[PDB]
Amino acid sequence: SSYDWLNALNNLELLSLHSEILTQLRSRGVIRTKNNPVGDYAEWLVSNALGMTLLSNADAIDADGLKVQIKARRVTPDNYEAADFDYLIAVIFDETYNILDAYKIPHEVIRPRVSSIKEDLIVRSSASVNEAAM
Amino acid sequence: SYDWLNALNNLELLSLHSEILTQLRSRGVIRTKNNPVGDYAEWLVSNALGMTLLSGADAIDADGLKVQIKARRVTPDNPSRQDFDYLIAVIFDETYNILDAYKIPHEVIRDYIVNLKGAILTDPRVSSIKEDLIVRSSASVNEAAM
């Protein structure tokens, strides 16, 4: 909830804490690499919530066998593909990683036909997380 | 250490991860959210040696030469050590203390993906700059990297 206490850490403590977090997430299987943690988390969220299988390194195959792209973005004050997939799922997080929006974008949409999946993703992800905690 | 991280949920871990990076960006230590170990290396070498960071080359040094800056943190998984005038290569241990820091002229890279092992480190055109980083850094920075 609160992060002003970060002001009291030195840069080396922040950096060591940062890596321990990524070690913790990797050990839980939430992120598969240290390179893009927000993207890896979205992929873990969407795959578990919607019954998709992740691909190592399309990002996933869904429950009907379609090829899916998963991209994520976090809202703050601060600032082609030539590969085939059937649709993109785009997740937008707030500062504390609550889902602001989630979009299903068929590949055909380039540069309307895209629909929100926000409610379905939140519901099935909340069931997923609470179930796993058991 | 930070064993209390085990008591957080994944949403809290990621929120903290992003707030840490925002804190570092606000201090000018990290410049982008993508390469924090590399951005820290650049902050370290630039402040120690009086370089200006660029948004091809990563920095201009105090004599106007173009510098590439690369960093690596050695972890339990592996300890492998793998237009610009020279490259500066920093190697951190797990807790971000500097194991080694090398100055590698572009000419040396041509003659040799570069492996900081064996003959490249004994090439007279290559120098360690760890000692220079320690001397020339401020006592505030130096107290972190002892």
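Residues numbered from 1 in each chain as written, not as in the entry; some residues may be left out. Chains lettered and ligands numbered in written order. Heavy atoms only, no water.

- This entry lists X-ray crystallography as its structure determination method and reports a resolution of 2.66 Å.

### Some remarks on the overall build of chain A
Thinking step 1. Looking only at helices and strands, chain A features three helices and six strands.
Thinking step 2. The linear arrangement of helices and strands in chain A, starting from the amino end, is α-α-β-β-β-β-β-β-α.
Thinking step 3. Based on the C-alpha atoms only, the size of chain A along its principal axes is roughly 50 × 40 × 30 Å.
Thinking step 4. In chain A, which comprises 134 residues, the proportion classed as buried is 40%.
Thinking step 5. On chain A, roughly 8,100 Å² of surface is accessible, and the fraction owed to carbon and sulfur atoms is 50%.
Thinking step 6. Of note, chain A has its 13 positive side-chain charges centred 4 Å away from the centre of its 19 negative side-chain charges. (Helix = DSSP H or I, 4+ residues; strand = E, 2+ residues; numbered from the N terminus. Buried < 20%, exposed > 50% of the residue type's maximum accessible area, 1.4 Å probe, protein only. Areas by Shrake-Rupley, 256 points an atom, 1.4 Å probe, with all protein chains shown as cover. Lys, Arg positive; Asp, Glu negative; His and termini not counted. Charge placed at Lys NZ, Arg CZ, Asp CG, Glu CD.)

### As for the pattern of salt bridges
Thinking step 1. Scanning the model with the defined rule gives five salt bridges over all chains in all.
Thinking step 2. Among the salt bridges present, the one from A:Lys67 reaches A:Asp84, with a minimum N-O distance of 3.7 Å.
Thinking step 3. What makes A:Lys67 partly exposed here is its relative accessible area of 34%.
Thinking step 4. On the basis of relative accessible area, A:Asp84 is assigned to the exposed category, the value being 53%.
Thinking step 5. Here the residues in one salt-bridge network are B:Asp111, B:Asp123 and B:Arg125, joined through shared partners. (Salt bridge = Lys/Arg side-chain N within 4 Å of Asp/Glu carboxyl O.)

### Remarks on the domain arrangement of chain B
Residues and elements named next belong to chain B.
Thinking step 1. Assigned domains of chain B: these are domain 1 (1-30) and domain 2 (35-137).
Thinking step 2. At the interface, four residues of domain 1 touch four residues of domain 2.
Thinking step 3. Of the roughly 330 Å² buried between domain 1 and domain 2 on both sides combined, carbon and sulfur atoms contribute 73%.
Thinking step 4. Considering only the side of domain 1, the residues that lose the most area to domain 2 are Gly28, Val29 and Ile30, jointly responsible for 90% of the buried surface there.
Thinking step 5. Here domain 1 and domain 2 share zero salt bridges between them.
Thinking step 6. In this assembly, domain 1 and domain 2 are joined by zero residue pairs in polar contact.
Thinking step 7. Broken down by class, the residue content of the side of domain 1 that touches domain 2 amounts to three nonpolar, one polar and no charged. (Domains from an automatic or database assignment. Contact = heavy atoms within 4.5 Å. Buried area = accessible area lost by both parts, 1.4 Å probe. Polar contact = N/O pair within 3.5 Å; in protein donor to acceptor, adjacent residues only side chain to side chain. Nonpolar A, V, L, I, M, F, W, Y, C, P; charged D, E, K, R; others polar.)

### Topic: the sheet that holds strand β4 (residues 86-92) of chain B
All names here are of chain B.
Thinking step 1. The mixed open sheet is built from six strands, whose spatial order is β1-β2-β3-β4-β5-β6. A single partner strand is all that each edge strand has here, and the edge strands are β1 (52-53) and β6 (127-128).
Thinking step 2. Here β4 pairs with strand β5 (residues 98-105) via seven bridges, running antiparallel. Looking at the pairing, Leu87 lines up with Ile104 of β5. (Pairing = 2+ DSSP bridges.)

### Re the side chain of B:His106
All names here are of chain B.
Thinking step 1. On the secondary structure map, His106 appears in helix α3 (residues 106-111).
Thinking step 2. Using a relative accessible area of 15% as the deciding quantity, one classes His106 as buried.
Thinking step 3. Excluding anything up to four places from it in sequence, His106 contacts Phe84, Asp85 and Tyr86.

### Some thoughts on the UniProt feature "binding site: Ca(2+)" (unreviewed entry) in chain B
All names here are of chain B.
Thinking step 1. Here, the residues flagged by UniProt with the feature "binding site: Ca(2+)" (unreviewed entry) are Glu42, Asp58 and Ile69.
Thinking step 2. Its place among the elements puts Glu42 in helix α2 (residues 36-49).
Thinking step 3. According to the relative accessible area criterion, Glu42 is buried, its value standing at 7%.
Thinking step 4. Excluding anything up to four places from it in sequence, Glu42 contacts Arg31, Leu53, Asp58 and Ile69.
Thinking step 5. Here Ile69 lies in strand β3 (residues 66-73).
Thinking step 6. Classification of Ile69 as buried rests on a relative accessible area of 6%.
Thinking step 7. Ignoring any residue separated from it by four or fewer positions in sequence, one finds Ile69 in contact with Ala41, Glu42, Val45, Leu53, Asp58, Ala59, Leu87 and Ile88. (UniProt positions renumbered as here; feature names shortened; annotations may be inferred.)

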